[PDB]
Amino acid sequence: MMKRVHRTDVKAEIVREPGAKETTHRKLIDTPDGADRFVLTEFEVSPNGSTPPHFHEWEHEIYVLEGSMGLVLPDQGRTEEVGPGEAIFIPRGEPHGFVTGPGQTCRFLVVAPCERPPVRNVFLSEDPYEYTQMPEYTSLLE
């Protein structure tokens, strides 16, 4: 039951979240391994990538491994550039999303609880990509 795996031996899968662009995940340590309280996932956002800003009743603990990206913070009216070696705590309920420009790629770890109630979008739409069109979202990027 001790598990050792190299990141490259865990398949990178496209994330399921509707409206995410250019984003994959590798479930490095997960419940089938015997994790029963928290899990470890490696995300990678390739150039021109983004996730819809959202919030949820479960905290994030993040460590940026390689590259750089924007941490979109709707309740702070802006986007924070993050880079290697940064640790980020996002408390339950704080809105957040991720973005990369042409040219940027970022790989980062996310620690999550095993219990993860549904996420709520900051921007509500039937087309889950519409946030990229919205002035209230682009204003956060600049």
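One-based numbering along the sequence shown.
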Averaging only over Cα atoms, indicate whether 10 to 18 or 130 to 138 has the higher B-factor in the PDB entry.
-> 130 to 138
If you average the Cα B factors in the entry, which is higher, 26 to 34 or 102 to 110?
-> 26 to 34
Choose from 60, 56, 78, 96 the residue with the greatest Cα B-factor as stated in the PDB record.
-> 78
For the listed 66, 44, 86, 115, which has the peak Cα B-factor recorded in the PDB entry?
-> 115
